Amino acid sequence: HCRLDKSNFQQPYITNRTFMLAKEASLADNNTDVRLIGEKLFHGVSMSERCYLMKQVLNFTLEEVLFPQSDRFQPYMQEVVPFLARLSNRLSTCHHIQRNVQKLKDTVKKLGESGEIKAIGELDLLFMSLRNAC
């Protein structure tokens, strides 16, 4: 199927750290015009498919951004990436959408170094979204 337990997103510590981390990251993020996890991410995606989407984003995020940048934004990073990693697993599974996920991915890459920043600044969003999507 494709969902997470409500309890996943009801651990205030990590929830906080995710927002703190996203907050740190976003302090460095000036592209206010460009939001990765935004409406245009789900544009065309049924609420049903949202979680698969968020699964996708979460993975890209983890692999392309958080794992590589795990060395930064401490302590939050070392706390939140694991958490999100876990979600990656619970969510390994399934049911195009990439045309959106890719848009996000391509955006992060176009933004280069600030794309990592933004991606991290949006962990709260990835979180919030992940939650609402699963």
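In case it trips you up, residue 1 is the first one in the sequence shown, and so on.
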{"item": "Entries skipping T15: at least a third of other ones", "value": "yes"}
{"item": "Other PDB entries, at least a third, lacking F83", "value": "no"}
{"item": "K40-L41 interval: deposited residues absent from the model", "value": "none"}
{"item": "Comparing 68 to 76 with 82 to 90, the one whose average Cα B-factor in the PDB entry is higher", "value": "82 to 90"}
{"item": "Segment of higher mean CA temperature factor, 102 to 110 or 23 to 31", "value": "102 to 110"}
{"item": "Position of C2 among the chain's modelled residues by C-alpha B-factor, lowest, middle or highest third", "value": "lowest"}
